[PDB]
Structures are given as C-alpha cells and as structure tokens.
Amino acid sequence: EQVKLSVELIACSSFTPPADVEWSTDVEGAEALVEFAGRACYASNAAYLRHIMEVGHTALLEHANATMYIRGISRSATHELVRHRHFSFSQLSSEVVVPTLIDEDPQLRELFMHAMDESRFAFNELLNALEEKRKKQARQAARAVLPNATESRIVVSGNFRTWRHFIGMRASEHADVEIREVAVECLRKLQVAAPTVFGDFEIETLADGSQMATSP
C-alpha cells in the first residue's frame, strides 16, 4: 500500500521566566526562551530575534527544541536524515513510499508497485523457509530483500539551530527530491511554531511542482 509524507510537530519548548527577574515579553514559548537566553548574556520579541539572526549569533537558538513525528518517509530518506548527527532519533523497529517522479506516471507506478509486491513475496517466502528449521535472526535476514522504498516511522528531536541547519542544506539542493519535501514540511511546521526564527526562509514552488526553501 502506498503512503504519503506526513510530518507532525509533537513537541516544542514551554517557557516560564524566573520569578525574581524583572522581564516581560509579547510571545509565548520557544521564542521567549531564545529571547531570554540572548538578554541573559548582558525592543519586542520579533525585533530582537531579527537582530540575533542578523548578527549571526545562532548559539542562542540551541536552547529551543522541537520534536517531529514523521510518517510516510522511505528508508533511504530516513538514512539521509540520520546523517545529521545533532538530532536524536526513535525509529520503528505493508507500507511503501513512491518517488514523485514515478508517482506522477501511472505506467511507472504500476511497474513500481509490481516490484514492491515482488519484494514482499520474496520476503514472505524466505521468512517461511528460515522459520522451518533465533526467529528474531530469521526476520532480520529476510529483511535484506526489502527495498529502499519501505516506509519507516521516525521521531526526531533537535534544537532550532540543528533544524535551521537541516532545512538550509536539504530544502535548497535539488537533488535530492524526497529529503527536500521532508525539509520543507518540517520548516512549515516550525514557521507556525516559531514565526521569527524561521521567517527568513521563503518557500517557493518550482516549475516541476515540487517545493523548495531558500534564505539570504
């Protein structure tokens, strides 16, 4: 069965100022935390976070964290995701993800889904023969025939700087296609959660229908 990408923001930083500190702000949560961390080194929130980014003191963004639950991401794009070492992961220990270039062609999709069945048939058949004559090891041996398109479900956490770095690298290049879509959907959720920290990124749709994000 074919599944599509679904990214859900499941965690963000909840902020509470210290009682004795004389300080108030217009925003609530992670952006108030980044503002507190900035002022703690020595007008409004959005004006202040614009200045942090302008001077490029991104070490302050490391206090705010966000967690994503990502579904409908292939094993290969999950491998590209875990290459980013400053994230923490929890991965799922049948569903299949089809590349956009194949999905937009019904002829190619029919052939892709046929190959997905072939792999599943080969997996089931090998697993049976392995369990005929320890069974945890029979499953992980049989999994060797499973394609890169196999859907994985992953919980991913990192600070705002780690996110800004992931988006800035993946949502810009072309190359690769799936990891872009993941990065654009992550940014979109982060722009709802933290408008100013992630407002410099501009989401645009390309000629071929896929989206990308760039920053000056």
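The numbering used is simple: start at 1 and walk along the sequence shown.
S.K.: Could you bin the unmodelled part of the deposited chain lying between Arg85 and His86 as none, 1 to 3, 4 to 9, or 10 or more?
M.R.: Unmodelled stretch: none, continuous chain.
S.K.: Using the B-factors recorded in the PDB entry, average over the C-alpha atoms of 50-58 and of 176-184, then report which stretch comes out higher.
M.R.: Taking the mean B-factor of the alpha carbons in each, 50-58 is higher.
S.K.: Looking at the entry, does 29-37 or 145-153 show the higher mean C-alpha B-factor?
M.R.: Averaged over C-alpha atoms, the B-factors run higher in 29-37.
S.K.: Have a look at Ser76, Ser90, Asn128, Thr100 and flag the one whose Cα has the highest B-factor in the entry.
M.R.: Going by the entry's C-alpha B-factors, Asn128 comes out highest.
S.K.: Rank-wise, by C-alpha B-factor, drop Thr162 into the lowest, middle or highest third of its chain.
M.R.: It falls in the bottom third of the chain.
S.K.: Splitting the chain's C-alpha B-factors into thirds, which one does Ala138 fall into?
M.R.: Its C-alpha B-factor, which the entry lists for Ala138, ranks in the highest third among residues of this chain.
S.K.: Quick check for you: using the entry's CA B-factors within this chain, is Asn45 in the lowest, middle or highest third?
M.R.: For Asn45, whose C-alpha B-factor we compare with every modelled residue in the chain, the answer is the highest third.
S.K.: Once the chain's modelled residues are ordered by C-alpha B factor and cut into thirds, is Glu80 in the lowest, middle or highest one?
M.R.: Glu80: CA B-factor falls in the lowest third of its chain.
S.K.: Relative to the other modelled residues in the chain, which third contains the C-alpha temperature factor of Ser210: lowest, middle or highest?
M.R.: For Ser210, whose C-alpha B-factor we compare with every modelled residue in the chain, the answer is the middle third.
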